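Student: The structure is given below, and queries will be raised subsequently.
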Amino acid sequence: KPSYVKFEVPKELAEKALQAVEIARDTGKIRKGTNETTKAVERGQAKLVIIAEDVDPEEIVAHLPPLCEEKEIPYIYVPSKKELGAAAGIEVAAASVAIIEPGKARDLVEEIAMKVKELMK
Amino acid sequence: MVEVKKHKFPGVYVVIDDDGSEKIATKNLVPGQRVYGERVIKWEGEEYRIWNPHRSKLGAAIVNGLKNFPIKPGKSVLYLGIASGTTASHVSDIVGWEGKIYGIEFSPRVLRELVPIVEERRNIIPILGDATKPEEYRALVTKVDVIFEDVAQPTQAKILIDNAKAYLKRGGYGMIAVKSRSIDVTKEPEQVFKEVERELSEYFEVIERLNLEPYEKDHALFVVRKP
Amino acid sequence: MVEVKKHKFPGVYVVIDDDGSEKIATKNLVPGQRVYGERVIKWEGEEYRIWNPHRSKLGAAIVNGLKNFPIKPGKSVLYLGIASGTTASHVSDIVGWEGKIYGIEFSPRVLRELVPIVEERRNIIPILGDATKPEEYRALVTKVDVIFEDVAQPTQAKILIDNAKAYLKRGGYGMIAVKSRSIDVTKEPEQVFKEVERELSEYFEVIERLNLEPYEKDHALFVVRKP
Amino acid sequence: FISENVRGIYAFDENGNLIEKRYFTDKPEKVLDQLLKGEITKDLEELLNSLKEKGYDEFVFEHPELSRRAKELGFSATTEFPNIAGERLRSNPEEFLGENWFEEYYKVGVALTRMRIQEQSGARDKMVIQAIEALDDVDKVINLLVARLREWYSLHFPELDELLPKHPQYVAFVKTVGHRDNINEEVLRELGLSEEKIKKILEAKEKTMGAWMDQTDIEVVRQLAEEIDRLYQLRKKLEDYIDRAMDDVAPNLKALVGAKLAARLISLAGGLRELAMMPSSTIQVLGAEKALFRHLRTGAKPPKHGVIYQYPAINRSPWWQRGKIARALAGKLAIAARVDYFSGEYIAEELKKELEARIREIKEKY
Amino acid sequence: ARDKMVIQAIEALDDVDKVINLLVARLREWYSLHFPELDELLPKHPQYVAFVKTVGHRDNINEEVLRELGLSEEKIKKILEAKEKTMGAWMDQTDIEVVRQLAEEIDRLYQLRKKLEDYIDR
RNA sequence: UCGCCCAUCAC
RNA sequence: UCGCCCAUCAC
């Protein structure tokens, strides 16, 4: 049971956050894996950050929620690290991913950010 | 000029020095080795090493009045407080290759300077542990003919008793070096040795008690038998 | 994992390590002290210190293949172009307490920093004066087995020759680090090296000549003997 | 009821008859230190199951905490050290260890003694208190010698004490240059000034109201300042050791590598929160700041390893792999800091099994 | 300002001896955790400093190193007698080197003390 | 994170 | 624009 999933989500938005990576892949600027995600949050470059639900140990991703909140960045969760890596253009997995310029996804990242902001209540 | 002779005890020797004076010694278990930074000499085919009464403390009791010397070649012995082998190197010389020595020490860097020496002196086994926690070596030793103790701790009379439950055979012997200022440094030492006198006589038959002055300070030794 | 080994030259050492390639080293004349922030190994009764070849050409020349090396345990030597003496620290180790080392420098302030280091390294004497003018230190030097030159001023052939008139014994050795570009920048270095060879071979015999390539460029080491 | 030796685990009845025996199949010094300290191993867990399956119930053991783990496993267990199982086992070594029994006891006894090379000690609180008053004293000798250095250099540049309040900076200047007239902007930039401060000193370059310290007077003032760097290094030896004497309640970050490295990792981060937020691809180079500086200014050769260098997997592995080990070693340290900040469970021996798995690969691949 | 520089060197000579006394008081108290019999036995402060600098751990004590440090055969008839019977606690190899480094930096301060005396002499 | 140059001004 | 000796700080 991961502890970093600090809000429960409806049957919506999560597949739309995976879609927001798939349409940014060849159109925008992305950082993939948790250490480049941490660089992209620390340097304030991220416009959305995404973490997988199947990361074990959790103490590799466990720092991301307070580190991105203390920097005013939108965050969301998705079901698995292999699918998240494959959407982020790589053949392995990624425990987390950040979108730095969403390319084609700019208006969908604004839908995700504004609708997540209404369930963080 | 030096010469070498036998003592009254098995495996114990005497050396003659360049004035003519007599001093106690043993036959070296591994010729060419130095074992505690000591005086060592060669004789008829063999090598012989000094027993210093200040450094290998049991030697002071041998000079001052010890009669009850229970060890022989080919026997089994437990040694508590083996340190860097200062005293126990002389029981390793006496007990031989058919005999067995288990050596317990708590202080890791002190036992570390014995580990290379027992890479040759393979009749000693080096065991890291507090002798006040004897369960933490229950699987590493046999029963024994004799126990010796040189850890000199505040409750050391109980250490001898509970190791004699776990390891000593029926009618087997115990020996113990007692440092008064470990148990108490405010009272008269003969009162500290009177508390050891009443605890050893609560589980053993007692057969020797001594003083190590002038070779040591505030220091005694006892010998006992298990029922 | 590391191992300390002897080199093919008396007093010179080698280390091999966790990459396993050879590095040049010396047995420390004064164990525990540092000179330049060197790599070090403490050993069985000893201490060894490394000379990094990118810090002085004479280290790089010994790595490249210099075979006729004359500086050896207990010899007497005079060296010019020492500054604060990193070179001098390693020949102090190689020569030991049995020998004698003079070090002459012309740059006045950079020699100052060696002055306390020779209160431990008391086989070195530091001397301030023009390497081209032997007469300026004539009272505080003696006859030597070896001369070394690595000021490598435009005058350096006269530096070596006139110090080798005054101080080098019959049958004694010389070494010089020929800085081609500071003797003549108007011609190919092999013409500079050929005049240095033809002037030195009208007083010495030449025993070996080395270009420092492929480690460094356009500088050479020559080694010679006086009859 | 049960007792053990260097070859296996044995169960006996109250007349001394054997019931069952099992043998070790991993390096036995580990299996022994667990069983000696009352911790249960898999061959004992199967043996006590086989005894309950064969219908036996009078479970008396030698060590108190083994009886404690047995009643936590549900079994109604008691303790007595001189019991018949330990008596049978220790009396007849040839039944349980074979003909060469003392050589097998020797072979494993020296290995067990080599893993028992201890940390944690019963007197380290007294050492923390002496290290704390020694930091208080050494910070005080530095303030006294820097006050003497300020009053003495005020004979050459009296405005300089009224301009530079920081104590290390006032010594670093004298270690590096010391001569007032050899100052320029570039040697004030590295000295850690700010632009609004760098025009001062220079505004007074000739026209300071101080006298003339000789080229031979600045020598004794420099030899005094050079000793204050060795005392700042003593202050730093103590400021590393104050945590090294507290850490005998061992964190995961300590136990994965060693105490002086854990203390310096937190010292360079500024806190465990900061270290638990840093990535592996920063913890790799943490503390290498005089390498980061020269690289940032040039785009030349990048920094290879930080504070993690002084650990055997890097300072005794080939230079070809002193970068390749550093990234993943910083990753398992980045997890250890997050475990110590968020989780609080102790897993250091599994982080060591996992770090040795990547190091094993780096010894087969190359 | 040569005499004013000598005055600051004279104030430095009393301030250096005064901080040597301070760090020696800590060195006595801290090393007494590991060898408490030493404190009454070595009264001379630089002889206590150089002892701890070169010995570090109490089992590096030998007749040879005490006779190199220039102690008398009398003083060497003690120290060794006390090493075989000490009532002190246990500092590890990792701990006792910190007390050795404290003694080494006090021998740095005693060398600076001579550089102040030799500066004034010029 | 660090450096240079033209014009003008001063000892 | 380049050469060597040399300290110190660092990878």
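Chain labels A, B, ... are given in the sequence in which chains occur in the structure tokens; within each chain residues are numbered consecutively from 1, and ligands are likewise numbered from 1 in the order shown.
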List every residue of chain A that DSSP, applied to the backbone, labels as strand (DSSP E), and write the result as number ranges by chain.

Tutor: A: 29-32, 48-52, 75-78, 96-101

Student: Pairing the C-alpha atoms in order and superposing chain C on chain B, what is the resulting RMSD?

Tutor: 1.3 Å

Student: Tell me which protein, DNA and RNA residues are within 7 Å of residue A:46, counting only C-alpha atoms (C1' of nucleotides), leaving out same-chain ones fewer than 4 positions away, and put them as a ChimeraX atom specification.

Tutor: /A:40-41,98-100

Student: Would you export the selected residues with C-alpha atoms as a short mmCIF file (atom, residue, chain, number, x, y, z; two decimals), in the first residue's frame, please?

Tutor:
```
data_model
loop_
_atom_site.label_atom_id
_atom_site.label_comp_id
_atom_site.auth_asym_id
_atom_site.auth_seq_id
_atom_site.Cartn_x
_atom_site.Cartn_y
_atom_site.Cartn_z
CA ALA A 40 12.72 19.31 -13.00
CA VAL A 41 10.76 20.06 -9.75
CA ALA A 98 7.63 15.55 -15.35
CA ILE A 99 6.31 17.63 -18.32
CA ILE A 100 8.43 20.83 -18.84
#
```

Student: Run DSSP on the backbone and give me the residues of stretch 30-121 of chain B it puts in helix (DSSP H, G or I), as a short mmCIF file (atom, residue, chain, number, x, y, z; two decimals) with N, CA, C and O atoms, in the first residue's frame.

Tutor:
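What landed in out-v2.cif:
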```
data_model
loop_
_atom_site.label_atom_id
_atom_site.label_comp_id
_atom_site.auth_asym_id
_atom_site.auth_seq_id
_atom_site.Cartn_x
_atom_site.Cartn_y
_atom_site.Cartn_z
N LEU B 58 49.15 -14.85 36.10
CA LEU B 58 49.21 -16.19 36.71
C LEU B 58 50.64 -16.56 37.19
O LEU B 58 50.81 -17.16 38.24
N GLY B 59 51.68 -16.10 36.48
CA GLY B 59 53.09 -16.31 36.86
C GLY B 59 53.46 -15.76 38.25
O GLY B 59 54.23 -16.40 38.96
N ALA B 60 52.86 -14.65 38.68
CA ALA B 60 53.07 -14.11 40.03
C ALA B 60 52.53 -15.06 41.12
O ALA B 60 53.16 -15.23 42.16
N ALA B 61 51.40 -15.73 40.86
CA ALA B 61 50.84 -16.73 41.77
C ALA B 61 51.72 -17.99 41.85
O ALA B 61 51.91 -18.53 42.95
N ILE B 62 52.30 -18.43 40.73
CA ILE B 62 53.27 -19.55 40.69
C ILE B 62 54.48 -19.26 41.58
O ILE B 62 54.92 -20.15 42.31
N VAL B 63 54.99 -18.02 41.58
CA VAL B 63 56.12 -17.63 42.45
C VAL B 63 55.69 -17.46 43.92
O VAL B 63 56.40 -17.93 44.81
N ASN B 64 54.53 -16.86 44.19
CA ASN B 64 54.12 -16.52 45.56
C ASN B 64 53.55 -17.69 46.40
O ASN B 64 53.62 -17.62 47.63
N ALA B 88 47.60 -16.65 28.41
CA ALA B 88 47.13 -17.90 27.80
C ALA B 88 48.12 -18.55 26.81
O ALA B 88 48.06 -19.76 26.59
N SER B 89 49.07 -17.80 26.26
CA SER B 89 50.17 -18.36 25.45
C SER B 89 50.96 -19.44 26.20
O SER B 89 51.39 -20.42 25.59
N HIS B 90 51.10 -19.32 27.52
CA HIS B 90 51.76 -20.32 28.36
C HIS B 90 50.91 -21.59 28.56
O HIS B 90 51.46 -22.68 28.58
N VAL B 91 49.57 -21.50 28.62
CA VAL B 91 48.73 -22.72 28.64
C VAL B 91 48.68 -23.38 27.26
O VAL B 91 48.70 -24.60 27.19
N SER B 92 48.73 -22.61 26.16
CA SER B 92 48.89 -23.12 24.79
C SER B 92 50.21 -23.90 24.60
O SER B 92 50.21 -24.93 23.94
N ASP B 93 51.30 -23.46 25.24
CA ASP B 93 52.58 -24.20 25.27
C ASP B 93 52.49 -25.53 26.04
O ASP B 93 53.12 -26.51 25.64
N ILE B 94 51.73 -25.56 27.15
CA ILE B 94 51.63 -26.71 28.07
C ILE B 94 50.63 -27.77 27.59
O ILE B 94 50.87 -28.97 27.74
N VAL B 95 49.50 -27.35 27.02
CA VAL B 95 48.36 -28.21 26.66
C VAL B 95 48.62 -29.01 25.36
O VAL B 95 48.06 -30.10 25.19
N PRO B 108 37.49 -5.91 20.99
CA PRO B 108 37.73 -6.51 19.67
C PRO B 108 39.15 -6.30 19.13
O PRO B 108 39.79 -7.24 18.68
N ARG B 109 39.69 -5.08 19.26
CA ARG B 109 41.07 -4.73 18.87
C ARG B 109 42.13 -5.49 19.69
O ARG B 109 43.23 -5.68 19.19
N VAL B 110 41.83 -5.95 20.91
CA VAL B 110 42.78 -6.71 21.74
C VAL B 110 42.88 -8.16 21.24
O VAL B 110 43.99 -8.67 21.05
N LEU B 111 41.74 -8.78 20.94
CA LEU B 111 41.66 -10.11 20.31
C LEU B 111 42.19 -10.09 18.87
O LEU B 111 42.80 -11.06 18.41
N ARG B 112 42.03 -8.96 18.15
CA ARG B 112 42.55 -8.76 16.78
C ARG B 112 44.06 -8.94 16.68
O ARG B 112 44.52 -9.48 15.68
#
```

Student: Using only C-alpha atoms (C1' of nucleotides), which residues sit within 8 Å of residue D:316 once same-chain residues fewer than 5 positions away are excluded, as a CSV table (one decimal) with N, CA, C and O atoms, in the first residue's frame?

Tutor:
```csv
chain,number,residue,atom,x,y,z
C,1,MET,N,45.0,-5.3,-1.0
C,1,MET,CA,44.6,-4.9,-2.4
C,1,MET,C,45.8,-4.2,-3.0
C,1,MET,O,46.4,-4.7,-3.9
C,17,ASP,N,47.9,-1.2,-7.2
C,17,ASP,CA,46.7,-0.9,-6.4
C,17,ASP,C,45.4,-1.5,-7.1
C,17,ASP,O,45.4,-2.5,-7.8
C,18,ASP,N,44.3,-0.9,-6.8
C,18,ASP,CA,42.9,-1.2,-7.2
C,18,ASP,C,42.7,-1.0,-8.7
C,18,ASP,O,41.7,-1.7,-9.3
```

Student: At a cut-off of 12 Å, using only C-alpha atoms (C1' of nucleotides), what residues contact residue F:3? Leave out same-chain residues fewer than 6 positions from it and give the result as a PyMOL selection string.

Tutor: chain D and resi 185-186+189+297-298

Student: Write the selection just made, keeping C-alpha atoms, as an mmCIF file, in the first residue's frame?

Tutor:
```cif
data_model
loop_
_atom_site.group_PDB
_atom_site.id
_atom_site.type_symbol
_atom_site.label_atom_id
_atom_site.label_comp_id
_atom_site.auth_asym_id
_atom_site.auth_seq_id
_atom_site.Cartn_x
_atom_site.Cartn_y
_atom_site.Cartn_z
ATOM 1 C CA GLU D 185 39.141 41.942 -7.961
ATOM 2 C CA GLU D 186 39.754 38.324 -9.169
ATOM 3 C CA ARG D 189 35.860 37.122 -5.998
ATOM 4 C CA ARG D 297 32.888 28.265 -15.487
ATOM 5 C CA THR D 298 34.216 26.164 -18.489
#
```

Student: Using only C-alpha atoms (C1' of nucleotides), which protein or nucleic acid residues come within 9 Å of stretch 115-119 of chain A? Drop anything in the same chain fewer than 3 positions from it, and give the result as a list in words.

Tutor: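 Listed by chain and then number, they are residues 7, 8, 9, 13, 74, 75, 76, 110, 111 and 112 of chain A.
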
Student: Need to verify the contact set: stretch 52-61 of chain E, 9 Å, only C-alpha atoms (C1' of nucleotides), exclusion of same-chain residues closer than 3 positions in sequence. Can you return it as an MDAnalysis selection string?

Tutor: (chainID B and resid 110) or (chainID E and resid 27 31 34:35 47:49 64:66 79:80 83 91:93 96:107)

Student: With N, CA, C and O atoms kept, could you save the residues just selected as a compact mmCIF listing (two decimals), in the first residue's frame?

Tutor:
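The result, stored in again01.txt:
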```txt
# COMPACT_ATOMS: atom_id res chain seq x y z
N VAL B 110 41.83 -5.95 20.91
CA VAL B 110 42.78 -6.71 21.74
C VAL B 110 42.88 -8.16 21.24
O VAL B 110 43.99 -8.67 21.05
N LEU E 27 42.63 17.93 26.97
CA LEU E 27 43.41 16.73 26.61
C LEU E 27 43.66 15.82 27.82
O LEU E 27 43.51 14.60 27.71
N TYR E 31 41.68 12.22 27.72
CA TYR E 31 42.54 11.03 27.71
C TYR E 31 42.47 10.25 29.04
O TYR E 31 42.62 9.03 29.05
N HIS E 34 40.46 7.04 29.07
CA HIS E 34 41.10 5.86 28.49
C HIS E 34 42.39 5.43 29.22
O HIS E 34 42.78 4.26 29.11
N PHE E 35 43.06 6.31 29.98
CA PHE E 35 44.21 5.97 30.83
C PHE E 35 44.35 6.92 32.05
O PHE E 35 45.23 7.78 32.07
N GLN E 47 55.37 17.17 27.39
CA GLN E 47 55.68 15.73 27.47
C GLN E 47 54.40 14.87 27.47
O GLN E 47 54.40 13.79 26.89
N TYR E 48 53.29 15.37 28.04
CA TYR E 48 51.96 14.76 27.93
C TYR E 48 51.40 14.89 26.50
O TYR E 48 50.85 13.93 25.96
N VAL E 49 51.57 16.05 25.86
CA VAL E 49 51.14 16.31 24.47
C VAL E 49 51.85 15.37 23.49
O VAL E 49 51.19 14.62 22.78
N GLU E 64 60.78 1.33 24.02
CA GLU E 64 61.48 1.99 22.92
C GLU E 64 60.95 3.41 22.64
O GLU E 64 61.72 4.36 22.69
N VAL E 65 59.64 3.57 22.43
CA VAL E 65 59.06 4.89 22.11
C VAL E 65 59.12 5.87 23.28
O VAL E 65 59.27 7.08 23.06
N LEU E 66 59.08 5.39 24.53
CA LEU E 66 59.25 6.24 25.71
C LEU E 66 60.71 6.71 25.86
O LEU E 66 60.94 7.85 26.28
N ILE E 79 54.38 3.86 34.21
CA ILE E 79 53.66 3.85 32.91
C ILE E 79 53.36 2.42 32.42
O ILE E 79 52.20 2.04 32.39
N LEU E 80 54.38 1.61 32.11
CA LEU E 80 54.24 0.21 31.72
C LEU E 80 53.60 -0.64 32.83
O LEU E 80 52.67 -1.40 32.57
N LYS E 83 49.88 0.36 32.63
CA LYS E 83 49.26 -0.17 31.40
C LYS E 83 48.74 -1.60 31.58
O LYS E 83 47.70 -1.94 31.02
N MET E 91 37.84 3.52 24.75
CA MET E 91 37.63 4.24 23.49
C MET E 91 38.06 3.36 22.31
O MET E 91 39.13 2.74 22.36
N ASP E 92 37.27 3.29 21.24
CA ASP E 92 37.63 2.53 20.03
C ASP E 92 38.79 3.20 19.26
O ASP E 92 39.19 4.33 19.53
N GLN E 93 39.36 2.50 18.28
CA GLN E 93 40.38 3.03 17.36
C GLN E 93 39.87 4.28 16.63
O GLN E 93 40.61 5.24 16.44
N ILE E 96 39.78 7.22 19.60
CA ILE E 96 41.03 7.64 20.25
C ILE E 96 41.95 8.44 19.31
O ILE E 96 42.74 9.26 19.78
N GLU E 97 41.81 8.27 17.99
CA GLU E 97 42.50 9.11 17.00
C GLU E 97 42.05 10.57 17.07
O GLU E 97 42.85 11.45 16.80
N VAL E 98 40.82 10.88 17.50
CA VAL E 98 40.37 12.28 17.69
C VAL E 98 41.16 12.95 18.82
O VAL E 98 41.60 14.09 18.68
N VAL E 99 41.42 12.22 19.91
CA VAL E 99 42.25 12.71 21.03
C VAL E 99 43.73 12.80 20.64
O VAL E 99 44.44 13.69 21.09
N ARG E 100 44.19 11.93 19.72
CA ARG E 100 45.53 12.02 19.10
C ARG E 100 45.67 13.26 18.21
O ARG E 100 46.69 13.94 18.28
N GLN E 101 44.65 13.59 17.42
CA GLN E 101 44.61 14.80 16.58
C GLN E 101 44.57 16.08 17.43
O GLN E 101 45.29 17.03 17.12
N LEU E 102 43.83 16.09 18.55
CA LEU E 102 43.88 17.18 19.54
C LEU E 102 45.31 17.40 20.07
O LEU E 102 45.76 18.54 20.14
N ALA E 103 46.04 16.33 20.40
CA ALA E 103 47.44 16.44 20.82
C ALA E 103 48.38 16.92 19.68
O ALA E 103 49.29 17.71 19.92
N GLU E 104 48.15 16.48 18.44
CA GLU E 104 48.95 16.89 17.28
C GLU E 104 48.79 18.39 16.97
O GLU E 104 49.80 19.08 16.79
N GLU E 105 47.58 18.94 17.03
CA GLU E 105 47.35 20.38 16.86
C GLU E 105 47.88 21.23 18.03
O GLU E 105 48.25 22.39 17.83
N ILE E 106 48.02 20.67 19.24
CA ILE E 106 48.71 21.35 20.36
C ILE E 106 50.24 21.36 20.14
O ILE E 106 50.89 22.35 20.47
N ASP E 107 50.82 20.33 19.52
CA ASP E 107 52.23 20.35 19.12
C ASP E 107 52.49 21.28 17.92
O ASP E 107 53.54 21.91 17.85
```

Student: Could you list the residues in chain D lying within 9 Å of chain B, using only C-alpha atoms, and format the result as a PyMOL selection string?

Tutor: chain D and resi 3-6+32-33+35-38+62-64+81-83+86-87+89-93+102-103+105-110+112-114+116-118

Student: Using C-alpha atoms, can you export the residues from the last selection as an mmCIF file, in the first residue's frame?

Tutor:
```cif
data_model
loop_
_atom_site.group_PDB
_atom_site.id
_atom_site.type_symbol
_atom_site.label_atom_id
_atom_site.label_comp_id
_atom_site.auth_asym_id
_atom_site.auth_seq_id
_atom_site.Cartn_x
_atom_site.Cartn_y
_atom_site.Cartn_z
ATOM 1 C CA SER D 3 21.016 -27.146 21.456
ATOM 2 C CA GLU D 4 23.267 -26.303 18.421
ATOM 3 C CA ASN D 5 26.864 -26.479 17.043
ATOM 4 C CA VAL D 6 29.043 -25.273 14.083
ATOM 5 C CA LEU D 32 25.460 -19.105 14.589
ATOM 6 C CA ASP D 33 25.488 -15.396 15.683
ATOM 7 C CA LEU D 35 21.136 -18.525 17.314
ATOM 8 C CA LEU D 36 23.745 -17.445 19.956
ATOM 9 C CA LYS D 37 21.809 -14.104 20.448
ATOM 10 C CA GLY D 38 18.404 -15.897 20.646
ATOM 11 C CA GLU D 62 19.437 -22.397 26.573
ATOM 12 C CA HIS D 63 19.106 -18.579 25.874
ATOM 13 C CA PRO D 64 16.177 -16.489 27.364
ATOM 14 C CA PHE D 81 21.244 -23.285 30.172
ATOM 15 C CA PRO D 82 22.699 -26.544 31.809
ATOM 16 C CA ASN D 83 19.816 -28.651 30.247
ATOM 17 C CA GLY D 86 23.358 -28.754 25.760
ATOM 18 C CA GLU D 87 24.927 -31.468 27.988
ATOM 19 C CA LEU D 89 25.793 -31.830 22.476
ATOM 20 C CA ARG D 90 28.843 -30.320 24.296
ATOM 21 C CA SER D 91 29.971 -33.702 25.807
ATOM 22 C CA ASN D 92 30.156 -35.841 22.596
ATOM 23 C CA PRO D 93 31.593 -33.580 19.786
ATOM 24 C CA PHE D 102 38.345 -28.843 16.810
ATOM 25 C CA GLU D 103 39.486 -27.810 13.255
ATOM 26 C CA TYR D 105 35.256 -25.144 15.477
ATOM 27 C CA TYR D 106 38.500 -23.222 14.609
ATOM 28 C CA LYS D 107 37.549 -22.587 10.897
ATOM 29 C CA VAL D 108 34.178 -20.973 11.795
ATOM 30 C CA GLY D 109 35.160 -19.506 15.234
ATOM 31 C CA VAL D 110 37.730 -17.126 13.626
ATOM 32 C CA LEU D 112 32.451 -15.440 13.638
ATOM 33 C CA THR D 113 35.063 -13.451 15.660
ATOM 34 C CA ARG D 114 35.813 -11.425 12.442
ATOM 35 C CA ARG D 116 31.788 -9.690 15.761
ATOM 36 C CA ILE D 117 34.236 -6.697 15.287
ATOM 37 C CA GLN D 118 31.872 -4.411 17.184
#
```

Student: Check the smallest atom-to-atom distance from each of D:278, D:268, D:172, D:296 to residue G:9 using only C-alpha atoms (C1' of nucleotides), then report the winner.

Tutor: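 Using only C-alpha atoms (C1' of nucleotides), the shortest distance to residue G:9 belongs to D:172.
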
Student: Just checking: using only C-alpha atoms (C1' of nucleotides), which residue out of C:219, C:226, C:5, C:55 ends up closest to residue G:7?

Tutor: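 Nearest candidate to residue G:7 out of C:219, C:226, C:5, C:55: C:55.
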
Student: Given only C-alpha atoms as the basis, pick out the residue of D:293, D:366, D:311, D:241 nearest to chain E.

Tutor: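 For chain E, the nearest of the given residues is D:241.
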
Student: Separation of atom CA of residue C:43 and atom CA of residue E:63, in Å?

Tutor: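 Those two atoms sit 21.7 Å apart.
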
Student: Please indicate the distance in Å from atom CA of residue D:229 to atom CA of residue D:213, rounded to one decimal place.

Tutor: 21.7 Å

Student: Residues of chain A no more than 6 Å from chain D, counting only C-alpha atoms: send them over as JSON, numbers by chain.

Tutor: {"A": [35, 59, 60, 63]}
